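Novice: 3D model of this:
(8 chains, ligands or ions: 4)
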Amino acid sequence: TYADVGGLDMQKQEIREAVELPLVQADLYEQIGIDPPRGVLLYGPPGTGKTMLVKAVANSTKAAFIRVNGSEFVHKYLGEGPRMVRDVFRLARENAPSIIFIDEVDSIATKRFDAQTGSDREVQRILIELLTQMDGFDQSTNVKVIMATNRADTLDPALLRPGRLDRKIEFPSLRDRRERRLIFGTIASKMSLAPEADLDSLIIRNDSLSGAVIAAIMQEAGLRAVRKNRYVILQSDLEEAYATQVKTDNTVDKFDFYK
Amino acid sequence: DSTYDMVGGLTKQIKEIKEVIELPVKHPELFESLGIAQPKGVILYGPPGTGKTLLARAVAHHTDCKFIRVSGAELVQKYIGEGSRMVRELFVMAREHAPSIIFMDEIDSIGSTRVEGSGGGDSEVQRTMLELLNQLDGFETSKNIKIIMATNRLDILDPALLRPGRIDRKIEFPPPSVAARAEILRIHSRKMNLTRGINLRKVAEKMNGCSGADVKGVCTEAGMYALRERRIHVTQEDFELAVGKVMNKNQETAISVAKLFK
Amino acid sequence: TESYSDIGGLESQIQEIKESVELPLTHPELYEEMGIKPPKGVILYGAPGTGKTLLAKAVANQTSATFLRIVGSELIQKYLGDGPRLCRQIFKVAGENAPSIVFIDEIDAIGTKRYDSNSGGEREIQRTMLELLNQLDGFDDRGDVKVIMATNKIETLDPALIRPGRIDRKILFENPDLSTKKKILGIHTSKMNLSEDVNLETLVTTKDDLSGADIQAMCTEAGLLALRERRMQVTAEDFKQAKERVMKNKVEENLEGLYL
Amino acid sequence: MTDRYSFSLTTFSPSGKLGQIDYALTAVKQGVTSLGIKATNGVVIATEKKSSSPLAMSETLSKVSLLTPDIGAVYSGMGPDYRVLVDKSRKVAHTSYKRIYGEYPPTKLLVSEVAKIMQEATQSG
Amino acid sequence: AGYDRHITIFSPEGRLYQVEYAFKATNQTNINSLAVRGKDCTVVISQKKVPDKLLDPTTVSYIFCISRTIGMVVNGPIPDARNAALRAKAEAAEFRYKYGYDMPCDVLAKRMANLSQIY
Amino acid sequence: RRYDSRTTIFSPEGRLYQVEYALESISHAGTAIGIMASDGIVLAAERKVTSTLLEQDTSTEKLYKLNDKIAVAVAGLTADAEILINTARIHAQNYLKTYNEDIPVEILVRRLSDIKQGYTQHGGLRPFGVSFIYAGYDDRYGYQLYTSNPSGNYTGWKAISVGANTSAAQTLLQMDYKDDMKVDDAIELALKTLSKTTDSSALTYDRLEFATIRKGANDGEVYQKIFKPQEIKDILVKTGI
Amino acid sequence: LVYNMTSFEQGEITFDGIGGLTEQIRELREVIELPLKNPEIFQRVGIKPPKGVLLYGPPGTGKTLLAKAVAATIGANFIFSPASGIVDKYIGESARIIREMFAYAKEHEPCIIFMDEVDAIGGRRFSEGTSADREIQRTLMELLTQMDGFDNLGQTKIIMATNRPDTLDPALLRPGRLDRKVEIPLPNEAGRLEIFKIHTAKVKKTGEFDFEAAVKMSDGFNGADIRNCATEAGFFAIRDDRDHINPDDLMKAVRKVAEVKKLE
Amino acid sequence: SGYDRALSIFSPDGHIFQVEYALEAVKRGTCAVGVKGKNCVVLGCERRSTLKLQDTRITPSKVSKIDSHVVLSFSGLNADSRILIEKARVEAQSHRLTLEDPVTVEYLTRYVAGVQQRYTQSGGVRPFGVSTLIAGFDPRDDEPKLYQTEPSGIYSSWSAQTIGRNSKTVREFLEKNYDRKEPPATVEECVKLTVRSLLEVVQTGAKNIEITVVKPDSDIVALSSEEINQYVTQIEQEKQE
Ligand SMILES: Nc1ncnc2c1ncn2[C@@H]1O[C@H](COP(=O)(O)OP(=O)(O)OP(=O)(O)O)[C@@H](O)[C@H]1O
Ligand SMILES: Nc1ncnc2c1ncn2[C@@H]1O[C@H](COP(=O)(O)OP(=O)(O)OP(=O)(O)O)[C@@H](O)[C@H]1O
Ligand SMILES: Nc1ncnc2c1ncn2[C@@H]1O[C@H](COP(=O)(O)OP(=O)(O)O)[C@@H](O)[C@H]1O
Ligand SMILES: Nc1ncnc2c1ncn2[C@@H]1O[C@H](COP(=O)(O)OP(=O)(O)O)[C@@H](O)[C@H]1O
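Specialist: Numbers count the residues shown, from 1 in each chain, chains lettered A, B, ... in the order given. Ligands and ions are numbered 1, 2, ... in the order given. Below you will find the coordinate block:
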C-alpha cells in the first residue's frame, strides 16, 4: 500500500488526485466548468517503483480495476486483438466508474514506421484500436487509464497529447540520496534487525540503486543469517550483501567485450 | 454531441465540405440543370490534435442524413473472406436510406500500400471497397452515397483511394495561426469563471504553432493550478506558466550532438 | 448503362474488345471464312484513372447477350471447401445461359504467385485459383463464354493463367497523350456554357502529368467554383485555378534536373 | 531496429546518412567519463579508471598522454585504439610541421592532422 | 544478419563479436598457469596434460625463451603461439641493432599488442 | 532486388539511385545564401547548432577561403569537405607559379567538380556529398557566382541558396529581388530569409556569419571582409529584426 | 492428465540412492524444505520464502533426477516446459503457453516447474531481425510479469535448468529472485565408485569390482556412461551365457564405450 | 532474375543489361538533332528556360567544339559527358603534334568509342551515361558527315538523327521529309528543315533553343536569338490556318 511505499513523496500525490478525487469530488471541477483528464503515463527505468504504486491504488480505489500487460493483446489469428481491446473498454464503461492499468506498452506504443510486413503492420492497428476509442465519436466520462513503461521517448506523439494523456509523470534516477536513506529505514523497520545497525554507513556510498535491488540485498542478507540456524536478527557483517549486490562484476560482456 | 460553434479555428475548409455534401442533397436541380457530375466523398489530412475527428462528429449534428461510422479496424476479421462480406453488407444498408453519409476515422490500418510477402485479407477487402465505390453497381451506389475519411499522413496509402473519380477533394488541416489559436481558448474557456483582468492574445503569440488540442490541455491544466488552492477563479500568470512548461518537454529530446555533418 | 460516344480517346485499345465480343455475335462468318475461331479471353492492364471498368460497362449496354457482375473477392468463402465449387457453378450456368460473358475485377486479390505459405487460410484461395484453371482450359472445352478480367498491377502478379488457352490479348492503358486530351475534354464539357473563353489547346498540355479521370473533377470543380461567384456559366480562369489545385501533388521532379 | 544500411559505410540511405559511424559513437558513450575545462590561464583534463582486476599496476597505463611539451590529450572510449593513435599522431607533428617549419605545431594544425588519420579509415568498406 | 562473420563491423549497441569469440577461444586446452614476482626475480609455472602415451614430453611446451632476460607463457592453441613467439624472436634483433640495447618486456608487449590491434 | 547497394549500377528505369541519396544529404545541413549585384558579392550562413559551451565566435565553419580573390560557402559532410578545399588551395597556386598570374574562377570549379565525378564511377567508393557555393571575380567575365552539386555539374547563378528549406527561401527571393541593388538591398533581403525559414527564434549573432567581395580597390584588384561578430550584431539591430 | 506426470507427490525415488553430492542437495534443503517444514522463522522475520534457482552445467550431472526426487521428498508436482519445445513461430502463442501453466499450476494446489534448455529464452540477439527479436523479448518479458505478480503462495516453486550459463546476455535477470545459483560439479574420480555402487546393486555377479574403473571413467565423467556400461557389461556376461559378471567386462566396458563419450 | 546487376555477365538470352539501361537514361535527356546539306551542316538543342536567376551573360551550351573543324553534341547527363570531351580535344591536338596533320573525323570518332568500349568491358567501372554525335568536315575537302556514338561503343554515320525526349517523333518525321532524292544545298533550308523538326518538343517556347552550323576551311558560326525569331515566324507563316 501507500505506507508500504518509501520515497515517492512527490509522485504519490498526482495520481491519488487524478484518480480518486474526481469520483469523490467532481462537481467542483465543473464548478469551474472544465472537463477533467482521462489518461496518465508512468515512465522511468525499472526498479524505480512504478508497478507497485497502482497496486497500492488497487487496495484503495472503491472502483473497478483491470490488469492487462501489453503482451497479452496479440494472438496468431488477426482481427481478434482489437475486438479483445474493444471488449475491454466496453467492460469498463459498463462497470463504471472504472479505470484500467497496463504494465507495459513498449511492445505496442511505438513510432508507427513505414511497414512492409504483416507482423509490423498488425501491431499498428492494435494501437489504432486504442486511439479510435480514447478519442473518437463515442467517448465517456468514467474511464481513466494508467499506462506504464520502463521508458517513454519513442511511442508515437499521436498518443501523447491532451485528451489522451493529460498528466504524465517522471520517476527518479538511481543516484539520489534522500530517498535512499528513506527506503532502508522503511524496509528494515518492517521487521526486526540488530542494534549494531550500520545503515548510516551504506547510504553514503556513491553507488546507484533502485527499489528492486534493495529488496534483493535486504532479503538475501536476511537469507544468510536465517540460514545460520538463527532466529531473527541480521548481523552487522552483511558486508557480503552489498558487495554481493555488484552485478557489473558478473557481466563478462561488461568486462572483456568492447576491448 | 458537439456543434459548429465549437470547431472554430477556420472557415475555409468547412466552407468546402458542404460545398459537396449539403448542396447535392438539398439542391441538385441546379446541378442537374447544369447537369455535369456528382462530386462524391472527401478526405482530410493533417497532423494529430488538430480537429479532424471533431468536425466529423459536429457534421452529424448538422446533417439531416444518416451518418454511419466505422472506428479503427472493426472490419479486419479472423476468418477469411467475410471482411469483404462485412463491407458489401454495409453499403446495401446505406442505399436503403438513399441520403447516407459514411465515415471511417482512419485508413492507414487498412488502406496501406500493397505488397505480396505479407498482408492478406486486409489487402483484399480494400480491393473490393475500391470496387464498390466506382464499379458497375457502384455507379448505382455512386448516386447519393458520400464518404469521409480522416488519415494522418497520406503518402503511405495507395493513390487508388485518393484517386479522383471518388475522392474529389483533399483537404489540409494544418496547425493554426495566432488568431485561430487565440479564439479556441475562448471556446474551451467561456465556461470557466469571470476571469479577472485578462488578455489571451498576448499568450497565443507566445506559443507559436504547435497544435490545437494542446490548447485544451493548458486551459484545463491552468484551472487545476487554481483548483488545488481552492482558488476557484483564474489567473493570468498561470497561463504563460503552463504553456511555457508543457511544450518544454516536447523540446527536450529534440536535441542531439551526433553531427557527422554541418 | 453508359454507351460509346462517351470516351472518344481509346481507339487503338478499343478495336479488340470489338473483335472479341461485340462483333462475333454479329458476323462470325468472317472468322470462319479464314477457318478461325475468336479469342476466349481478354485482360486489361492497370495504370489507374484511365477507364478500364468504364469500357466493360459500355459493351454491356449493347451486347444482346447475358452479362455478369463479379469482383475478385466474391469468389472466396469461409467454410474452406465451398469456394471452388462456386466457380464451377458460375461457368456451367453461363453455358446453360450461353452465349454469355463474365467480368472478374481486381483479381489481384486472387491472383498471386504460389507463395507456399504456412497460414491455413491463404491455401484455400490457391485451390480456388486452381479449379478456375482446371475449369477454364483444364481438360475439356467450355463453349462461347468470354472473360473480360481487369486489374491495376500485373508486373509481378497473375502468374500462369495469363497465357493463351485462357487469355489471348492484353490491352493496356496509361495516362493519355496530348492528342487524346483534346477530344476527351469535349466529352464532359458538352453540356456547359463555355461563355467565350475556350483556348483549350493550351489549357491541356504536356507536362500536365495528369490522368484521364481527373479532368472531370477539374470540369466539375470549376462550375461550382464559379457558382459560388453567382455566375453559373464559365470562363477560362475558372479552370486555371482548378488545374493549379488538382495537379499539385501528383509528382515532383526534385530528383530530375540532373540529366542536363 | 535498423537494417540493410548499417552493414557497411559506403551506401547512403534514402534518408541520407552513412552506415555505422553513427554506431561507432555508441561505444564512445559506453566508455568511462571524461572532461576538460578552459580557464583564462590554463586548461585541465581528467578521467577515472574502473580497473577490472585490482592486482593491475594502474600506474602503467595512462589515459592521458603526451603529444608535445605543450599539448596533451585524453579519450573517452575504446582503449587500444588510442595508444596507437598517439604514435601515429606525434609522428606527424615531426615530419609534417616541425622539420619544414623548425618548431612545434599549434594545436589545430596538430588536430587537423589527427582527423586525416581518422577519415582514412572511413574511406572504404 | 552479418555483424558476426566480419571483424570491422560494429553492432548498433557498440560491441563487436568476433574478437569476443577469440577471447573465448583461449581455453581449448583446459590449461591454467600462474606467475608471481619475487625480490629480484620472477617465476612462471604451467600445468601439463599429455594423456596419450607416445609424446616425448620434453618438447611439448607452451614456453618460448625468446631471448636473454625474457620469457613468455601462452594460452590458446599452440600453433598461433609459435606464430607470435617468432615475431618476438625477430624484434629482439632489431631493437638491439637499431636502438642499441635489449628490449624491456613492457615495450615488447606494447609493440606486439599493436600488431594484434591492426588485425 | 533494388538498385542501390553500389554506385556503379544504372537502374532499369535509367538512373543511379545512390547519387540521389547523396544530393539529399545536404538537406540535413545548414543554410547558405549568395547574392550577386553591382558593387560586389555577398554570402550568408547558418550554423546547424548554436549551443553555449562551444565557441563559434572566432571559429568559422561555413565560410572557408581559397584565395584573396575567391571565397566559398560549404555544406554537407565535414570530413569530405576539407579535402576539397585543401585541393582547391593547391590547384590555384599550381596555376599561379606556372602562368605567373591569378586563376580564372571557371577553371577551378571545372577542375574541382570533375573529381567528384571521379568518385562516382571508377571504384566502389563514396561520392563526396558537398554543395559548395563559389564567389569571386575574374577579368574575362567580371564578377561571378557558381554553384556545385555532388554529381559534378555546376551552374552560373545570380542569387541562390542551399541547405535546409531552400525551396521556400527561393520563393522568398525569386519575386522580391532587383538587379540594381547595391549591397544593402541584398543584406536585408538575405537576413530576412534566414529569419523566416529557421528552426528556432534566436537569430543570435553566433548563429550566422556573412562575407563580402568588393571591387572597392581603386584600380587595385579586390578586397574581402569576413565579418567578426561586432560587425553583424550591430547591423541586424541596425536593420530591424 | 494432459501435460506431465506430476509424480502424485509420493512416487518415492531415492534422492540418496545416488552418487551425487551432499553439499548441493543440502544447499537446496534450505530454500525448499526449511520453510515448508519450518515457517516459524521466515514468519518471525517476515521475509517471504525464496524465488527459484538455477542449476547450470552440462549433462551427466543428473541435474533433473535430483529435482523430481527432492520434490518427491516434500511431495510437489513435477512437470516440464522445455523451451526448445515451447517456441512457436506465431506472434503470440509462445506467451500463451506461459500463461496456461502458471494458471494450471495454480489449478493444482502445489506445483513446481522444471524448465530446461532455457537459453532458447535468453538469446544474444545477434541476428536482430526486429520482426522476430522484438517478439522474443515480448514472450520473455511476459514471463517476468507472469511469474511474480500477485502470487503470494508458498507452494508454487520454480526451477530453471540452463546448460551453457552466461550465453544469455540480453538480460541476466539477476536482481531479486534466483536466491541461489548452485555451483554444479562434475563426477569426480572419487565419485565413480560412489556412482558404480548405485547401479551395480540389484545384481548377482560375483562382485564385479575394480580400481581400474575411475581411470576408465576418467574424462567419461557422465552418469549416462555408468548407466550404459552397467548395461552393456551386463550384455557381455550373457554374450557367452555366463552366470555372473567378471570385473574385466567393466574394465572392458568403460574403456571401450567412453570412446563415443569422448570423441562425439 | 539477378542477371542485370553487373557488366561482366550474360543473361541467357545472350545480352548484357547495364549497357542498354543507359539507353533508358539517355532517353530522359534533351534533344540533339543534326543534318548535313550538300555543303553545310547544322546542329540543334532543346535548351531550357528554367528560371530568371541564371546569368543571361552566360547561357549554357550543350555544344562544345574540340578543334576548328569539328564539333560535338550530346544528351544524357553532363558530368560523364564533360570527360570524354576533354579526352577528345586533347587527343586531336596530339595528332596535330605527332603527325603534323589534322584529324580525319573517323579517327576521332573511334577514340571516343574506344573508351566507351573499355569503360563497360573491364568491371570496377560504370559506363558513360551519354550518347553523342560528331559533326564537321574533313580537311581539304567539302565532304559532309556526322557520326553517332553510344555507350555500347559503336559508331555509325547517319545523315539525320536525334537523341532524347520524343526522338521517336522526330526520327520518323525527317524520314517523311528529308531524303537523299533531294539533298539540301545551303543553310536557310537545312535550318528551315531543322527548326520545324524541334517543334514536337518545344511547345512554342523560343527562349528554349540554340543552334549552330559549319564551314569548310576550318571555320564555324554560331547564331543569335532574333536570327531564329524570324525563323520562328516563316515556319509559322505557312501555318496560317
Ligand atoms: N480547432 C479545434 N476546435 C475544437 N477542438 C479542438 C480543436 N483542435 C483540437 N481540438 C481538440 O482536440 C481533440 C481532437 O483531436 P483530433 O480530432 O485533431 O485528433 P484525431 O483526428 O481524433 O486523431 P485520430 O482521428 O487520428 O485518432 C478534441 O478533444 C478537441 O476538442
Ligand atoms: N475517356 C474517358 N471519358 C470519361 N471518363 C473517363 C475516361 N477515361 C477515364 N475516365 C474516368 O475514369 C474512371 C474509371 O477509372 P478506371 O476505369 O481505372 O476504374 P477501375 O476500372 O475501377 O480502375 P481503378 O480501380 O484503377 O479506378 C471513371 O470514373 C471515369 O470518370
Ligand atoms: N520504494 C520501494 N520500496 C520497496 N520496493 C520497491 C520500491 N520501489 C521498487 N521496489 C521493488 O521494485 C519492483 C518493481 O519494479 P518496476 O520498476 O515497477 O518494474 P516494472 O515497472 O517493469 O513492473 C517491485 O517488485 C518492488 O519490490
Ligand atoms: N550423480 C549421478 N549418479 C548416478 N547416475 C547419474 C548421476 N547423474 C546422472 N546420472 C544418470 O544420468 C541420467 C540423468 O541424465 P542427466 O544428466 O540428468 O540429463 P540432463 O542433464 O539433461 O537432465 C540418470 O538416468 C542417471 O542414470
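Novice: next one: the residue nearest to residue B:65 when sequence neighbours are not counted from residue B:67, what distance?
Specialist: The shortest distance from residue B:65 to any residue other than its chain neighbours is 4.2 Å, reached at residue B:99 (Cβ to Cβ, 6 or more residues apart in numbering or on different chains). Bear in mind the C-beta positions are built from the backbone N, C-alpha and C, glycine included. Distance, residue B:99 to residue B:67, by Cβ to Cβ, to the nearest Å: 10 Å.
Novice: please apply the same query to residue C:247.
Specialist: According to Cβ to Cβ, residue C:247 and residue B:67 sit 32 Å apart.
Novice: what's the burial count for residue 67?
Specialist: Went with chain A since none was named. Residue crowding around residue A:67 was assessed by other Cβ atoms under 10 Å in any protein chain shown; the count is 15.
Novice: you answered for a different chain; I wanted chain H.
Specialist: 17.
Novice: again, but for the one 5 residues further on
Specialist: A total of 25 residues lie near residue H:72 under the criterion other Cβ under 10 Å.
Novice: quick one: contacts for the residue of chain D most remote from its centre?
Specialist: Computed with Cα atoms, centre = their mean, the maximum C-alpha offset from the centroid of chain D is found at residue D:14, amounting to 29.8 Å. Taking Cβ atoms under 8 Å, 6 or more residues apart in numbering or on different chains as the contact definition, residue D:14 lies against F:21, F:24.
Novice: look up which helix or strand it falls in, please.
Specialist: With the criterion set as DSSP states H and E, no secondary-structure element contains residue D:14; it sits in neither a helix nor a strand.
Novice: next to chain G, which bits of chain D? Give me the list.
Specialist: With Cβ under 8 Å from any Cβ of the partner chain as the criterion, chain D meets chain G at residues D:1, D:3.
Novice: what are the boundaries of the helices in chain D?
Specialist: With DSSP state H applied, chain D shows helices at D:21-30, D:85-92, D:99-101, D:108-118, listed in chain order.
Novice: those: which one's closest to ligand 2?
Specialist: Each of the helices of chain D was scored for nearness to ligand 2 using Cβ to the nearest ligand atom, and the closest is helix D:21-30 (41.6 Å).
Novice: so who does the residue nearest to residue B:65 touch?
Specialist: Applying Cβ under 8 Å, 6+ apart, the residues near residue B:99 are B:25, B:64, B:65, B:66, B:144.
Novice: do residue H:167 as well
Specialist: Each residue near residue H:167 by Cβ under 8 Å, 6+ apart is listed here: H:27, H:31.
Novice: next, it: phi, psi?
Specialist: Backbone dihedrals for residue H:167, given as degrees, to the nearest 10, come out at phi -60, psi -30.
Novice: quick check: it vs residue A:18, distance?
Specialist: Remark: distance between residue H:167 and residue A:18 (Cβ to Cβ) = 71 Å.
Novice: same deal with residue F:184?
Specialist: In this view, residue F:184 and residue A:18 are 57 Å apart by Cβ to Cβ.
Novice: and the two? Which one has more around it.
Specialist: A count of neighbours by other Cβ under 10 Å puts residue A:18 above the other of residue F:184 and residue A:18, at 21 against 14.
Novice: nearest spatial neighbour of that one, skipping sequence neighbours?
Specialist: Distances taken as Cβ to Cβ, 6+ apart put residue A:167 closest to residue A:18, at 5.5 Å, once the chain neighbours are dropped.
Novice: residue H:173 touches residue H:197, doesn't it?
Specialist: Yes: here residue H:173 reaches residue H:197: they are 6.2 Å apart, a contact under Cβ atoms under 8 Å.
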